[PDB]
Every structure is written in C-alpha cells, then in structure tokens.
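Student: I am attaching a structure below and will ask some questions about it afterwards.
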Amino acid sequence: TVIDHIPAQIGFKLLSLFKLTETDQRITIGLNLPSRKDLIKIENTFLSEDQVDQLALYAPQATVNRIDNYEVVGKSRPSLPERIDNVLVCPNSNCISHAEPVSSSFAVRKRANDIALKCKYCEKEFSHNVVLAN
Amino acid sequence: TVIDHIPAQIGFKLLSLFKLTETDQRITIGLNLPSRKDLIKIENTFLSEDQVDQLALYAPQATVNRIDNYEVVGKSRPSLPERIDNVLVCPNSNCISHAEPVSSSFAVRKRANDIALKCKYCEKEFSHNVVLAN
Amino acid sequence: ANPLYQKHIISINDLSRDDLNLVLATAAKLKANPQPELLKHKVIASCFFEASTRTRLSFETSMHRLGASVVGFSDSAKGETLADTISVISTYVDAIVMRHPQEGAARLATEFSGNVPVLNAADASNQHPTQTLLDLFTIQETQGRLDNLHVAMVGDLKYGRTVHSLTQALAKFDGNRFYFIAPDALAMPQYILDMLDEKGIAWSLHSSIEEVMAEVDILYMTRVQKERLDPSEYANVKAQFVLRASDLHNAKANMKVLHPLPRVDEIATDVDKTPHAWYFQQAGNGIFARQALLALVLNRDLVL
Amino acid sequence: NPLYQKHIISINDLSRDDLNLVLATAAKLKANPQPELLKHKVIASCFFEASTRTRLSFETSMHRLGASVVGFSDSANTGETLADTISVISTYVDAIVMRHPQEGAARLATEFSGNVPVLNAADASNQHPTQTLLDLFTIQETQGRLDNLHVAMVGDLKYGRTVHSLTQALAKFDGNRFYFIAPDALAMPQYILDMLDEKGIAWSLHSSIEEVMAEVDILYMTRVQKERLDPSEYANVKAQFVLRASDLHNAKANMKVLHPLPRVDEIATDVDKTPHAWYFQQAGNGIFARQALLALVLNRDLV
Amino acid sequence: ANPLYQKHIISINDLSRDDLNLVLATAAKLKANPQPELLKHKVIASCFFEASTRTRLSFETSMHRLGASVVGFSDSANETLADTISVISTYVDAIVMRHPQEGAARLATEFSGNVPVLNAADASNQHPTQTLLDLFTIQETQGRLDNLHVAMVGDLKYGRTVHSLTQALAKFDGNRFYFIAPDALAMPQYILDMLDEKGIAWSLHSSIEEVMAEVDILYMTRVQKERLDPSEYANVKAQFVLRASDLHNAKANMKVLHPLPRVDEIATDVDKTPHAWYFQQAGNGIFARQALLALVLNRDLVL
Amino acid sequence: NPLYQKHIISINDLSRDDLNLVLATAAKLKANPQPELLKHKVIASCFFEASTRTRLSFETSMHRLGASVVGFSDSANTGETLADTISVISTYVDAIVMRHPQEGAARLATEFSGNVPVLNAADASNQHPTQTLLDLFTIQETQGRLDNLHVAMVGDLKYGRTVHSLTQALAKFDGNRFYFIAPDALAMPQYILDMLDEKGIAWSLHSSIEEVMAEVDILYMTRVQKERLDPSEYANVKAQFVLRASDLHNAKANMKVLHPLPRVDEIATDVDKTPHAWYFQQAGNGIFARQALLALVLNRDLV
Ligand SMILES: [Zn+2]
Ligand SMILES: [Zn+2]
C-alpha cells in the first residue's frame, strides 16, 4: 500500500496518529516533495476503506494505491467516514472518556464550511477545528 | 545529513522526540531495512556534536554521514553527553518540573550495568531504563 | 421480550417514539394496579457517585415498591476508574442505577456492565432521561395526550438539562406549540431551535409569562441558579420569570404547573393552593415512571 | 455445621476442615440459589471504617439470601466505647458484620455481643478473613484444587494483610511452592517465612515476574501504596512489580491473575482481554464466599 | 493643593481625571526616586476580609517601601462590619481592605472617621488599585494615554478590571477600543453607551488576529471556566487565547497586559517576546499603590 | 563575599570554603549585633508549605537585621504556576525565602527570579540547607571545630533530609568518624555510604546508642515518624532509638545532644537538666546562621 499527495506536516502526523511505524514491514517515507507534498510507502499491508476514510480528515485530497504485487492493484481516494475513533480527543474536559480505558469516538456529519463531530460519550458536538486544535 | 544503522523501532522515535519533521527540507526515512536497520536523511541541515550526542541513549551503535557536499564528507558516531535535556521525563511524580513551563534536564553518568540520570530540579537519580519506560 | 428488555437507559435521544409510549403506558398500568413482588429476588445497585437525595429516594422507593432489594452508596464531593468499579459491581447485582458528575459515564458503564442494564440518574449536563419520562407521564396524565399542546418553558433554558431533554422528547410528537420564556443570557440554545425548525414545529420567544398565560396547557418552571449571572442581573431580571397566584387569572382550567424541584424563588407558595399546581404530583409520578422503567428492563413478559 | 453461631474473626481461628466447609457451601450456593435461606433475619452492616468496595459485596450477599440490612459507614474521624456500641447493637440484630480501623476490634465485639455472631470485615492491619476466603474459592475453582500449586504473590508483601492471611491459609494445604516478588523494603516478613519453614514448605525470592512466569498457576498482584516510600524510590523500582500483557507469553494456559482491587498502576489494562484476567471474577466470587459464611453461621441445615 | 489628602479611595467613578493625573505623576516620581521613610511612624491596616495573596503581598510591599508598619489579617473562605471598622479606625492611620460583599469599602468610609479607606476590591463592584497600575503601565509603555488603540480580550461581561479600565480610559482623548469576546461574555451595554455619550470609537471583533495589526495595547483577561459549561468553553476558547505565532503583525510599540493569573489565556512562548509586559505590569503595582498611600497620608509631598 | 547575589538551594552547591564564610559571619553577627544591616530591604517569606517552626526563625533573622517582611503560609491544599508566582513576586522584593512541598521548586524559582536571590527553606525530601548550616554552627561552636569528631546520628536515617545534608556537609571535613544508629528498615541509604567510602571516611553501624555513647562528641537525634511502619513494628523496635538521661553516664563532658525538633518520644525530658542538652540552643543558633546567610547574599561589605 502506498499513499500519495499528503499535505505538508501531515505525513509525520499520520505516522504518529495511525501508528504506522508499529510494524515489522518495510516502510518508506518522504516529506516536502515537488507538487510541497508528502508520501508514505509501506510494503505488504492492506488498508480497508475505513482506514483510508480515517485519513480524510487529515489528508483529504490524497491517493492510496497498492503495489505489493508489483503493479497498481487498487485505486482509492479517502471519503469522509461516519465515525472517527482512537485518534481524536474530546475538548470537553469533563468527559468521562479521558480518565477511563475506553476509545474516543466521534460521529461525523458535513456542514457548510464545517464538520460537526459528536462525541459518543458526552453527546456534545464540536467543530473539527476545535477537536484538532488540541 | 544522513544517519545509518538506527536500531529497530527507534527511527520514528528519534523523529518524534527530537521534532525532526518540523522543517521544510527534503526528509527521507526507512524502517525495517537490510542490516533490520533504519535510516533518517534530511537535506541541507547539520546537527552539531552535542546534538549528535543526544542520540546516544536511543541509537548507540549508529553512523552519521553528510551529503550536502555531494560526497560523504564526514563519518561520526555518537558519544555520550554530560546532559540530556527536553526529551526525558522525570519518574518522580512530585517533581516540580511536570506542572511548570521549564525544560527537563538530567545529568548523565555511567554505571556498570546501569546509567544514572540525576534530575536538575529534584536532584534524584534514576536508571535510564526507568526514565525511558514512562 | 418487550422492546426495552435488557436494554440500557442512557439518553432520551436513544429512545424512540414507539418506546416512549410503552413506558408511559406501563407507568399508568403499574400505578392503577400495583405489582409489589414483580422484582423479587432482584438486587439493584443505587450508585450515586454524585449525591442527590431527592433523586435517590425516588429511585430507591420505586425499586422497593416492586419488591426489589437495594445496595448502594452516595459519595461526597475516584482513584479506581469507573470502568474498574462497574466491572466489579456488574458481578454483584442485576441492575445498575447510577448518577455521575462526568458526562458519558452511564454510556461508559454500558461497555463494562456486560448483560447488567445501566439506567442513567443524570450524568452531569448531558442526560437525565428518568426526569423527562417523569415529566411526560405527568403531562400525559393531566392533558390526556402529548400532541397538540401549548407548552411554555420558563427559567434557565440555556443550562437546564431537564428542559432540553423534555423539548427534544415532545418534538417526537405532533402539532405541539412551544413557548420559551427566558432572559437573553439564558436563552434556549440554537441546536434545540433548528431541531424544531427541521420538523416544522411552531415555537416563539416571549419576555414574560403574561403574554402566553391565556393559551398554555403546560407551564414548566425551572430553577434559575443565581450563580449563572451576577446577583445584579439576577435581581434585575428575576421578576419576569417568577410565578404568583395572581398571574393565573386567565389560565385555562386544564392547565398544570410543573417543576423538576427544588423551587427557590420561582414559584410563590400561594400557587400551591390553586388547582393548577401539579409539581408535587409530578414528583410523585416519578415513582411510577421509574417503576415502569425498572420493570420493563428486568422482565420479558409484563402482564399489563 | 461446626461453625454455627461462632464468630469469624481471624484466619488462624479457622481450621483446615472449616475452610473446606465454607468453600463447598460457596460452590453449592453459587450453583443453585437459595434466595430465602435467611428470610426475616436482620444483619448489621457496621462499617466503622468506611469501605464501599467491601460493603457492597457483603450487603449483596446478605440480600441474595433474602435478609434485611441495617448499618452505617462512619466518616473519617478519630465518645461511646466500642464495647457499649456492640452491647447495644447485639440487642437489635442477629448478626454483625463489622469493619474497624483499630486492630482487635472484632475480637472485642465478640466479648460483648453474647451469642450474636460477629463477622470481621477487616480490623486494620491484622485480619481480613472474608477476603482470603474469596481468594481461596477463586483459586480452587480455577485450579480445581488448593494443593500442589505454583502461587506467586507480587507487590507490597510487608504491609499486605491480604497476602499474610492468604499465605497462612494456603500453608494448611500440601505441596505448594511459593514465589515472593517484592522490593527489599517491602519484603515478606520473617514470621511468615519461619511459618513456612516450620512446615517444610518450599518458598523462594525473586526480583521480577519474568523469572517465574513460566511455572506459575496463580499470579496474585497486590497494590504497592506509593506512600510506603518517597515517590522517587517507588518510581525507581516499581517497574519490576507491575504487569503488562506482553509478560504473559510463557504463562500456563490454566493460570489466572488475581488482585484484591483496586488496581492503580500494578496491572495494565491490556490484561483484561487475556483469559488470564480473573480479578473481577475474583471479586464476584466474594458474594458466594460471604453468602456461605453467613448461612453457616445462621443455619444448621443445608436446605 | 492635594485634593486626595485624607480622602478615601473606593471607586474609579469617584476619581476625576485631574485626580488620576496626580496619582500617575506621583507613581512615576516615587519609582524614579524612592522615598523609603516617607511614611515612618505610620501604621496601616491590611484588612483582607476576602483573602487574596496576590493583592495583599503587593499592597503590603508598597507599605513597607515607604517605611510604614503593617498589621492585618486574611480570613478563611468562610460582628457587623460597621463595628469592625469603628474599632480598627481607632488603631490605625489608613485602611486597605478587600471584602467579598459589594460596597463594603464604602460602608467602611461611613464609620472610619478621619481614617482613609482604600479599596482592594469589593467582589464584582470595584477594584481601583488594579486599574491605576494598569494605567501607569500603559502610560509608561506607550508614552501617553491618549490616541491609543486598546484591545480588551476575554471575559468582558464579568471582568471588573476591564469595566474600570474602559471607564478610566474614556476620560482621555482619541482612544479607539476593540472588544474581542464571545457573545455570552460580551462587554455590557452600559459601558458601550458610556463610550457613545462621549463620542469614543469602539468596535467588536471575533478574534485577536483580526485586529492584531492595529493595536497598541492587547489586554487579556481570565475567562473563568465556571461562567460557561466546559463544552461551550471548549468551542469558543480557541478565538481568545494568544500564542507567539499571533504576534507577527503586532506593532513594535505594542505590549501585552494581563491582570493575572493566566491559565490558558496566554501561551508561555509569549514571555520571551518583547510584547510580554504582564509581569512588569504587576511590578508597577507597587508604585501605583505607593503613590496612592503617600498622597492620602500627607498634606505636603515635597517632590 | 563570593556568595553575593547567589541562591542558596542545595548543600551540594555550597563549597567547603563557602561554608566556612557563613559560619564565621554567623559568629560575628552573634557577638556584635548589626540591627540595621538590611534596613529598607523587603524580603518575601513565601511558605507554600506552612511551617511555623521554620518561618518564625527565618523572619526573626530578617527583622534582627532591620528588614521588612511580607509573605504568606498556604493551608494544606494540593492554578497559578510556581514560575508565574516567582516572576511576579521577584518584581516586588529583594530576596525570596521559600518553602515548597514539591522537590526542586526553589531551583525552579531561580530560573524565574532574575537577579533576586532565592533561599531554600526546604523543598520536601531533597534539600534543606539552612537547617544544616545551623546544625554545623552549633557543632562547631560547642566542639571548637568540625574536623576529627565522633558524630552519632540516630533515628530515621532513610527519610531524613536533615541527616543526608548534614552527612554530606561534614564529609567535606577531615578525620570524622560516623556512627549510624537506626533500625534496618530505616537505614542510611546506599548513596550516602558510597559517598563516604569514595572519600575514605570511617563509618560504622550500630543497633543501639549504648555501644557508642562513651566515644561520641555529637549525638544527633532525629524524629522517627510512627507512620513509616505500622504502630506495632514501631513500638517493637523504637526502644533502641530513644534517649533517656540514664544513658549519659559514660558520655564525654564536651559532648552535646542535638535535634532538629520537634521531639515527640525520642528524647525524654530528663535530658533537659543535663549539660548535654543543646537542641534548644541549636534552634537559637538558627537565627545567626540565617542572619549571616541573608547578609552575605544582600551585602558585599562586612560592616
Ligand atoms: Zn466527550
Ligand atoms: Zn525530577
């Protein structure tokens, strides 16, 4: 699997948030290239559509192909998912999620100029900019 | 600058702890390579001898070459520094360092099987394994 | 199985319109015909992480009125995680009623209680469904229905969890006219209003109760906490949002006054004598609303 | 039952035959409920030292046997003598479950309760018999026996009332090898080791869990209170006495992890997924151990 | 000659511009040339009915810098005030007092006789000493108090500090105000009407970046989390914090001020920048408070 | 003085030559008062962790040099960062004496106080330099020297900040033999013993005071906190680490008894009559050690 046209300062973010370097496969990375884009290449690993969708909030107009069979096996652009878990933090400090050993979860819906993220636990809605600011 | 023979699952660690991806230069990375080894390469950027020393705890048997002069200008292995700042966290929970806007700082000294790290503030010594666990 | 058997009661958004009618019907039936031993050999945990004697007594009384056994605690103002605590308690008991100072705790309980259902007795500012079910069952008993009603809501509409849940719940029924009577600094939030617009539900703002008193079926008073504004603005504005018996001349004969309780200054005690006073009967109906909820969740076949 | 109308104060007071009776009754009450065995009985839940963890388990056991409960949980303050208190309460009720912040208080209750039995819910540092009984029933249920077992006890062995009681109780069974994993400042006391030597029981010391993980049937984690040393010394050495899921590769398939609770840092949450996690089932077994104990003391006939 | 001799300092509304000019001038003079024994043999009462260590330390330091002796008290978080002041006014020569009830310093005035009363804040009502130090800081850093671009950010609805500062700056000429606050914590109407009735220019803005280019003073206030729900807080907080990256458009003369303490309002990377002046602001508190005490306790100040 | 405008944070930071300077100045200030050496100076007595014992001694030293004092003693609660606090206070005053419940806080103050010196009144477990300096001055005054002395240290040697600092400081002097008298669970830590071995300094362990009483010049009692073990283990072993007057028969005539204070059970009151009692005179010497320390940091010339 290979990811193309990653924005600037989103490659290392994707590697960190999605824990891509927590494997034993051959991984190759490139930052600030001609387009200032970023590129991630990882051998012999398949991402479902959800994991590609989970990249939409951080790298929206990007491409995800597969080249573990020495050829362009599959094409894929990231569409926006209905739920985003395990990477976002609830801006509501009183949310029970923080202290406890659960996974954060936010429901997604498109607005004009904005993306609303409703927490699964505290049932509070936030703009994605506020969730991603922290 | 180019770094060779980075230990396994330490390349992404170095990028994270030392904030190496916070630049506009061309950065290229590889993890789980032939030796597995890792490689970090950043164009038009030089780290001094002290900054190379700061990798000693994380990448002990590693090599640092240079490719800004279109040839391998210098070879260099990391020696252990006297102080390690801004990356380590004090295991002492009552340390003032945590709450406050200061820089973490630990004095370094070798033991037989151990490496002592004395905090600048609480003046308490820990094994490098204990400091790196948290 | 009824549609609520062995399901958790966390949010009013999670309860469908079909579900709400079931709980209300079961409440009235349990009220008309007691079932004192419907939950014998059952042990329920009254877990009030945030202490609330008003709410705990109502819940625990409902528990006893169905012959259930009770264990619990009321903490004063936790090292062990809520997950660990509930993971333990879910091995002790058959149902968990819990009140918590952090939002989403009853939901977090669900993920660690296994097949022990978790009922929410309010999780801070988020939800308080039993109060809304208590409110609805009272409105239904006094108006005969939940549709085509004129409902006024007075007090702290910005921070009142009770009125947000109750407005949402009434929006699942048809032809309801809403009147929001609150000072500007405590107005009904936008997310409630658009929701009313998205279902084409009629709603209006009013500066005082005088405007709407003639054509209201429900007058719903909330507790205006003095801390939300400075004592100056409070004293300035409180006059427009209290209720005296003198204000009830034009009110309809069927109209009832409701209040989650406790009341401080909102409702003068001369209203208690009037036949529109129903806030105490409202609290009393809490027993049946929570009785119904417990029964529906802990038995499959309810001989109603 | 030879325990009818007798008090449950200390684990030294319980004979080996007695322990077998409680365990058997626990299993029987667990398999087939007896909801009304103690109907019309009134038990006093007297928590002089408040403990919600312990009280909920006890009172649930009481109610699971259809008994009514009266009690109290005093707030942290340190008037009426304990003797006077029990002399009064023993006129109201049929059994007294009590937790007290002073050692020997449940024993003192015995001398003023007459023939009203007194069950100890822990009197500070010495005894806590119900915790040991639930521990045993859990070990026995998961291992099929209490003899010839490899039992590791990790954490604060110097100040752990739970592990001293549990070691003594297991020392009344045969062929058990013990592994004590604790820092030197919180080592198992001398009087426990001598007790094991006087019965020719095998025991060994270990610096870490890695040494013993392969050959253990029971891993018993305790809460190392950070207060026992300064936060520095704790942080320096604690790493060898916490438990991560990655440490369970060589562990035996039948092996279970146990913990009195609550866990702070000792047990990482990745263990919960593994089938070795039994600290929650352990707490659940508390209900049956205490149901049995109450029944044996307030009834003669296994109904 | 000195219209503030033996007069009380209760409200900023009570001080005329002529009075404010005198206090500012005396502050600057005392700063340049100390007067360590100007108030020798004087005894001042530091009466903090509502405890405030930040305010008490600054006040009492000012007292000692003029060679005065200090007596006082700081009550915990929970006899009529008239009796108290009637008694204390027989002990001391001046009364600096902070009280949790609005108008208390005024009530003290009516029972202190000829002992002057200085207000260290009466809850939501007034806090003149903070405003005077604010003014002296703005004046020192901008060279003037007229024709300035002054932005006020944060909790403008409940900030006693900013109401007084806006009122006080409205007695100077050509000041343009920029109020940057969420709608639920907007600047009150009676302050805006006050600005309109004197034809003073003011505008509202959603964020600090909107105005950063054209500001000489950026005045940050502490948005207390209790005034909104943590959810509404999190939604809106982003537009009212300040990071060093936001100071690229700032003018070279611009300074950042803050009553203190800062929680999340001002990121710590700003302290390095030359726009950080909130600590120097607090440092100026002594001179504003030295001046106020000196002017009040002497008829002839030979400076 | 080579210490002018330098902070007093750790005993490792003080050189041997520095210690000699403070001791000499203490003796000089004691013999001939200098009541106005720090006149017109304002010192901040910042006791983040309240300690009336320590504060009274410090503030008396401040006033004995004619300085004015402002400060606070916070109540037991665990907002504004310590960095922000010192950044503010360092604008008010000329020196900061501070006691803090978190280790390294006085060091953190140094990085935000600028050129305002910070004196440490103890930051929890690590350092407490003024206590060691008063201990030294007392030992030196009563023995005439700090070299070739027989010094016994009794009590809680594991958690005693006072004795670790005092041992390090005496290890900078020559030919001193140390006797450590403590129960095994509260023994002198390893890093102190290695420090003594690396300088070839003689040290020995002892179970009781009777062994060493004949050949000691200094008997240094510490407070064994009952909390460090359970009351039983304390009571069992404590008898070997208290001091009765009857134990002083063979003691040398020049020998003195020292104690940081407060004494609970460690020292029976019959010692007060003996001429070996010097713990109160020790506390009295605290005034002069701290007078000297303040003077050296705020003045160059021995007036
Ligand atoms: Zn949330
Ligand atoms: Zn530290």
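Student: Which is under 28 Å from C:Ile89 (Cα atoms), of a type in the set (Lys, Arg) and in contact with a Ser or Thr (Cβ under 6 Å, 6 or more places away or on another chain), of D:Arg244, D:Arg263, D:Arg290? Talk me through it step by step, then tell me what you get.
Tutor: Values: D:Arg244 fails: in contact with a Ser or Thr (Cβ under 6 Å, 6 or more places away or on another chain); D:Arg263 fails: in contact with a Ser or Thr (Cβ under 6 Å, 6 or more places away or on another chain).
Checking each option against the conditions leaves just D:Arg290.
Student: Further question: Name the residues in the range E:74-83 that are within 24 Å of the chain's Cα centre (by Cα) and surrounded by 12 or more Cβ atoms within 10 Å (Cβ to Cβ), would you? Let's see the steps before the verdict.
Tutor: Step one: of the range E:74-83, the residues within 24 Å of the chain's Cα centre (by Cα) are E:74-77.
Listed by number, the residues that qualify are E:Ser74, E:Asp75.
Student: If you go through the range E:134-167, how many residues are surrounded by fewer than 21 Cβ atoms within 10 Å (Cβ to Cβ) and among the small types (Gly, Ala, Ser)?
Tutor: Matching residues across the range E:134-167 total 1.
Student: Also, I was wondering about something else. Please determine whether any residue of the range B:102-122 is under 28 Å from A:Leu15 (Cα atoms), surrounded by 14 or more Cβ atoms within 10 Å (Cβ to Cβ) and more than 13 Å from every other protein chain (Cβ to nearest Cβ).
Tutor: Checked against the condition, which is being under 28 Å from A:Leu15 (Cα atoms), surrounded by 14 or more Cβ atoms within 10 Å (Cβ to Cβ) and more than 13 Å from every other protein chain (Cβ to nearest Cβ), the range B:102-122 yields no hits at all.
Student: Among the listed residues C:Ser125, C:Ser76, identify the single one that is in contact with an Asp or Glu (Cβ under 6 Å, 6 or more places away or on another chain) and either more than 18 Å from C:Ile218 (Cβ to Cβ) or within 16 Å of ligand 2 (Cβ to nearest atom) (or both). Lay out the reasoning, then the answer.
Tutor: On the way: C:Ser76 fails: in contact with an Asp or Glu (Cβ under 6 Å, 6 or more places away or on another chain).
Going through C:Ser125, C:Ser76 in turn, the sole match is C:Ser125.
Student: Going through the range B:82-100 one residue at a time, which ones are more than 9 Å from ligand 2 (Cβ to nearest atom) and either under 19 Å from D:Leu229 (Cβ atoms) or buried (at least 16 other Cβ atoms within 10 Å of the Cβ) (or both)?
Tutor: Within the range B:82-100, B:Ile84, B:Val87, B:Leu88, B:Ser93, B:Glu100 meet the criteria.
Student: Considering the range C:89-117 alone, what residues qualify as being away from chain A (no Cβ under 14 Å) and over 22 Å from the mean Cα position of the chain (by Cα)? Show your work before the answer.
Tutor: Our first condition is that a residue be away from chain A (no Cβ under 14 Å); within the range C:89-117, this holds for C:89-97, C:114-117.
Those that are away from chain A (no Cβ under 14 Å) and over 22 Å from the mean Cα position of the chain (by Cα): C:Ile89, C:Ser90, C:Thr91, C:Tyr92, C:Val93, C:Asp94, C:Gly114, C:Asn115, C:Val116.
Student: For the range C:60-133, which fully contained strands (runs of 3 or more DSSP E) count at least 1 residues that are of a type in the set (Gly, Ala, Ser) and farther than 25 Å from C:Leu157 by Cα? Steps first, please.
Tutor: On the way: elements: C:69-74, C:95-100, C:118-123.
The strands (runs of 3 or more DSSP E) meeting that bar are C:69-74, C:95-100.
Student: Ok, one more. Please go through the range D:1-55 and give me each residue that is in a loop (DSSP other than H, G, I, E, B), closer than 17 Å to D:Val297 by Cα and within 18 Å of the chain's Cα centre (by Cα), ordered by number.
Tutor: D:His7, D:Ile9, D:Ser10, D:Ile11, D:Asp13, D:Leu14, D:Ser15
Student: Another question about this same structure. Count, please, the residues in the range D:102-116 that happen to be farther than 19 Å from D:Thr78 by Cα and of a type outside the set (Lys, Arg). Lay out the reasoning, then the answer.
Tutor: As a first pass, look at the range D:102-116 and keep what is farther than 19 Å from D:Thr78 by Cα: D:107, D:110-116.
Restricting the remaining residues to those that are of a type outside the set (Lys, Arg) gives D:110-116.
Result for the range D:102-116: 7.
Student: Also: Say we look at the range D:246-267 and pick out the residues that are closer than 20 Å to D:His206 by Cβ and among the small types (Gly, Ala, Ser); which of these is farthest from the other protein chains (Cβ to nearest Cβ)?
Tutor: D:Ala251
Student: Moving on. One residue is enough: does the range F:275-285 have a residue meeting the conditions among the hydrophobic types (A, V, I, L, M, F, W, C), exposed (fewer than 14 other Cβ atoms within 10 Å of the Cβ), away from every other protein chain (no Cβ under 14 Å) and in a helix (DSSP H, G or I)?
Tutor: Filtering the range F:275-285 down to residues among the hydrophobic types (A, V, I, L, M, F, W, C) leaves F:277-278, F:280, F:283.
Pick out the ones that are also exposed (fewer than 14 other Cβ atoms within 10 Å of the Cβ) and you get F:280.
Next, only the ones that are away from every other protein chain (no Cβ under 14 Å) stay: F:280.
Add one more test, that the residue is in a helix (DSSP H, G or I), and what stays is F:280.
Within the range F:275-285, one or more residues are among the hydrophobic types (A, V, I, L, M, F, W, C), exposed (fewer than 14 other Cβ atoms within 10 Å of the Cβ), away from every other protein chain (no Cβ under 14 Å) and in a helix (DSSP H, G or I).
Student: Only one of (1) within 23 Å of C:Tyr191 (Cα to Cα); (2) away from ligand 1 (no atom under 16 Å from the Cβ); (3) among the basic types (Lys, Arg) is not met by A:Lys124, so which one is it?
Tutor: (2)
Student: In addition: If F:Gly104 satisfies all but one of (1) more than 9 Å from every other protein chain (Cβ to nearest Cβ); (2) surrounded by 21 or more Cβ atoms within 10 Å (Cβ to Cβ), what's the number of the condition it fails?
Tutor: (1)
Student: Only residues that are crowded, with 20+ Cβ neighbours inside 10 Å and within 17 Å of D:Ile9 (Cα to Cα): list them for the range D:86-101, please.
Tutor: Correct list: D:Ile86, D:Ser90, D:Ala95, D:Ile96, D:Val97, D:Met98, D:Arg99, D:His100.
Student: Considering every residue within the range C:227-241, establish whether at least one is surrounded by fewer than 18 Cβ atoms within 10 Å (Cβ to Cβ) and closer than 21 Å to C:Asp135 by Cα.
Tutor: No, the range C:227-241 contains no residue that is surrounded by fewer than 18 Cβ atoms within 10 Å (Cβ to Cβ) and closer than 21 Å to C:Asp135 by Cα.
Student: OK, next. Among the residues of the range F:76-101, write down those that are at the interface with chain B (Cβ under 9 Å from one of its Cβ atoms) and under 19 Å from the mean Cα position of the chain (by Cα). Spell out the reasoning first.
Tutor: Of all residues in the range F:76-101, those at the interface with chain B (Cβ under 9 Å from one of its Cβ atoms) come to F:81-84, F:100-101.
Passing the criteria: F:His100, F:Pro101.
Student: Please enumerate the residues belonging to the range D:1-35 that are of a type in the set (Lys, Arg) and in the same structural domain as D:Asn120 (by CATH).
Tutor: The first filter runs over the range D:1-35 and keeps only residues of a type in the set (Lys, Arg), leaving D:6, D:16, D:28, D:30.
Matches in the range D:1-35: D:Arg16, D:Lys28, D:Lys30.
Student: Could you identify the single residue in D:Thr110, D:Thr138, D:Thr142 that is crowded, with 23+ Cβ neighbours inside 10 Å and either in contact with a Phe, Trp or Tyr (Cβ under 7 Å, 6 or more places away or on another chain) or in the same structural domain as D:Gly71 (by CATH) (or both)?
Tutor: Values: D:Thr110 fails: crowded, with 23+ Cβ neighbours inside 10 Å; D:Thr142 fails: crowded, with 23+ Cβ neighbours inside 10 Å.
Within the list D:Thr110, D:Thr138, D:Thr142, the selection yields D:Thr138.
Student: Residues being within 14 Å of ligand 2 (Cβ to nearest atom) and either assigned to a helix (DSSP H, G or I) or in contact with a helix residue (DSSP H, G or I) (Cβ under 6 Å, 6 or more places away or on another chain) (or both): count how many of those fall in the range B:103-134.
Tutor: 6
Neighbour counts run over all protein chains shown; Cβ positions are idealised from the backbone, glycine included. What is reported rests on the model, the rules as stated and the sources as named; no laboratory read-out is quoted.
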